[PDB]
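Here's the structure, in structure tokens; my notes come after.
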Amino acid sequence: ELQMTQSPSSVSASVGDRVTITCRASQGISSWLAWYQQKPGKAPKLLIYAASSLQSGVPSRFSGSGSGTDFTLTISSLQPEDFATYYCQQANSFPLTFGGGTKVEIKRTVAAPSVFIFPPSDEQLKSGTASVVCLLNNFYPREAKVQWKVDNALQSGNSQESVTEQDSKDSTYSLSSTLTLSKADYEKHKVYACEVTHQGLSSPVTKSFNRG
Amino acid sequence: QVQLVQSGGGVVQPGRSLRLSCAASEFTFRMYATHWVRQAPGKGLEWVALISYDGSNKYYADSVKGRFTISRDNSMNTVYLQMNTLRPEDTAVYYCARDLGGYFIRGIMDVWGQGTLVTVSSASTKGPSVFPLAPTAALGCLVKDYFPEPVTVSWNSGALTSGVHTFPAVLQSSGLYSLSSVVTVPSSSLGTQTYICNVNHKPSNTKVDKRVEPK
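Here the protein sequences come in this chain order: J and I.
Going by the authors' numbering, the residue at position 153 of the first sequence is 153; the numbering climbs one at a time, nothing skipped.
Mapped onto the authors' numbering, the consecutive letters of the second sequence carry residue numbers 1 to 52, 52A, 53 to 134, 139 to 218.
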């Protein structure tokens, strides 16, 4: 019923860039608003409280400003350790409410994924199930865009994606998309293809195989 | 050195109950109000509950009110969250947070415990089936139909770390998790050289090595 809205959801930028995040609250908070920094698989840190008051340990490049409804956080010159997710938190009435957060990701040059397809193992086929895997390796940005096509026919709700966190060394991403089907239904079609469309490719790439 | 020390999560079936505990070190909990905040797999922070310094009240997020009871044993410098009437959507890492105020309530949280995973599921402990992802080429292992999280996978008993990717598990509709691990490797070596993925799932006491060779 109190609603905290964060914008943008994801921002990509560069060591040394200036970056700024928005928190809108659907009712007058006044100025009871905190900001937290969370890195993957770790507890959040307090950074800013009461709109603009920095916590004890916090670098001065972190600034915060707002009152009433619109709130902002800015990192002036972005340092390598500052890439994290950021949460705003209304502290006016109970129940308390966090934002859905903004991820600050590192920016680099566009990188075309290398695409691979993997027919199911014969071992898996004895179980009575068929998984088909399509790997997208080392690319940037995370956007794309994988479509399954069996006997040339477009597919839906039959495949789950999963994606890695930015590589510590080259800032790239990797994505797997997995198409699961019963053995019976797998055995009804012949052509299985994933089509990948991504910024760094002129036109979509299509990998395919023929069952048997 | 100031820190909150959590304890007591795990795997529990719907309708059942779990109790989390949060112990202070190195200060007196007895002076500070306490928050719990949870985070569902790859979703965001969601505030759950707060108890005042002396335990007089007692605030709950809407999603949990009437199902969870926060409490305090000030003589153990410990804080408790009783989680009853559990539902799958309560699956998450749960964090106790100290409130900045104390002896009064600010509503902000300066010190955070390590987190506790809590999984609410009808699934039964089951170890993974491990299927080869046959093949500069790419190759991998598909670790399918296990519960609960987590699994760990290495390549060649940990000698291979260059260009491996182990993707976050997905929860399939069925209640089981699945995952693949991939490694890229020079194509001039497929038949020459060996590749083994090593998969461990402690809950089911299951170790599996699987050799991945071409066609």
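Cβ coordinates follow ideal geometry from the N, Cα and C atoms, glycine included.
Chain J contacts made by the region 99-120 of chain I, where a contact means CB separation under 8 Å:
Those would be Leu99, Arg105, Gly106, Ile107, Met108, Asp109, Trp111, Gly112, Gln113, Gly114, in chain order.
Mind checking which residues open and close the beta strand (DSSP E) that includes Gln124(J)?
Element bounds for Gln124(J): not the beta strand (DSSP E) but the alpha helix (DSSP H), 122-127.
Contact list for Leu20(I) against chain J, beta-carbon separation under 7 Å
Chain J residues near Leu20(I): none, gap ~15 Å exceeds 7 Å.
Proximal residues, the region 127-148 of chain J versus chain I, C-beta separation under 9 Å
Here the close residues are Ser127, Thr129, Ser131, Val133, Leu135, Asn137, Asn138.
Would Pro95(J) pass as an interface residue toward chain I - the criterion being a Cβ-Cβ separation below 7 Å?
Contacts with chain I at 7 Å (Cβ-Cβ) include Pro95(J).
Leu145(I) touches chain J at which residues, Cβ-Cβ below 7 Å?
Within 7 Å Cβ-Cβ: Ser131, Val133.
Given that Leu46(J) touches chain I, what residues does it touch there, using C-beta distances under 8 Å?
By Cβ distance, chain I contributes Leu99, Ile107, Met108, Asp109.
Would you mind sorting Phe209(J) into buried or exposed? The rule is 16 or more other CB atoms within 10 Å of its CB.
Exposed, since its Cβ has fewer than 16 Cβ neighbours within 10 Å.
Taking Cβ-Cβ distances shorter than 9 Å, what residues in chain J pair up with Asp61(I)?
By Cβ distance, chain J contributes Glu1, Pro95.
If we ignore side chains and look at the alpha-carbon of each, how far apart do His35(I) and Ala49(I) end up?
Rounded to the nearest angstrom, the two C-alpha atoms are 6 Å apart.
Using Cβ-Cβ distances below 7 Å, what residues of the region 110-121 of chain J are close to chain I?
Cβ contacts with chain I: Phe116, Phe118, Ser121.
Return the first residue and the last residue of the beta strand (DSSP E) that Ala96(I) is part of.
Residue range 91-98 is occupied by the beta strand (DSSP E) that includes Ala96(I).
Does chain J have any CB closer than 7 Å to the CB of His168(I)?
With a threshold of 7 Å between beta carbons, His168(I) makes contact with chain J.
Determine, using beta carbons only, whether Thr164(J) comes closer than 7 Å to chain I.
In terms of beta-carbon proximity, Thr164(J) lines the interface with chain I, with at least one pair separated by less than 7 Å.
Exposed unless 16 or more other CB atoms sit within 10 angstroms - verdict on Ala40(I)
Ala40(I) is exposed by the Cβ-count criterion.
Could you please give me the residues that DSSP links to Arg38(I) through a beta bridge?
Paired residues: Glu46(I), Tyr93(I).
Using a beta-carbon distance below 7 Å, is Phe67(I) in contact with chain J?
The Cβ of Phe67(I) sits no closer than 7 Å to any Cβ of chain J.
Which same chain residues end up closer than 8 Å to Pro151(I) when comparing Cβ atoms and leaving out the 5 residues on each side of it in sequence?
Result list for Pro151(I): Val11, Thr118, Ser120, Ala122, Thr124, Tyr180, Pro206, in chain order.
Starting from the C-beta of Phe98(J), find all residues in its chain whose C-beta is less than 6 Å away, skip the five residues before and the five after it, and write them out in chain order.
Answer for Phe98(J): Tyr87, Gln89, listed in chain order.
Could you tell me which chain J residues have their CB closer than 7 Å to the CB of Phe130(I), listed as they occur along the chain?
Simply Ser121, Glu123, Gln124.
Proximal chain J residues relative to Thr187(I), where beta-carbon distance stays under 7 Å:
Those are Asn137, listed as they occur along chain J.
Cross-strand partners of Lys210(I) (DSSP beta bridge):
Beta-bridge partners assigned by DSSP to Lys210(I): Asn203(I).
Counting contacts by CB-CB distance shorter than 7 Å, is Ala33(I) in contact with chain J?
In terms of beta-carbon proximity, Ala33(I) stays away from the interface with chain J, with every pair separated by 7 Å or more.
Applying a beta-carbon distance threshold of less than 9 Å, which residues of chain J neighbour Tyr58(I)?
Contact annotation for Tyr58(I) against chain J: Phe94, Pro95, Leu96 [CB-CB distance below 9 Å, chain order].
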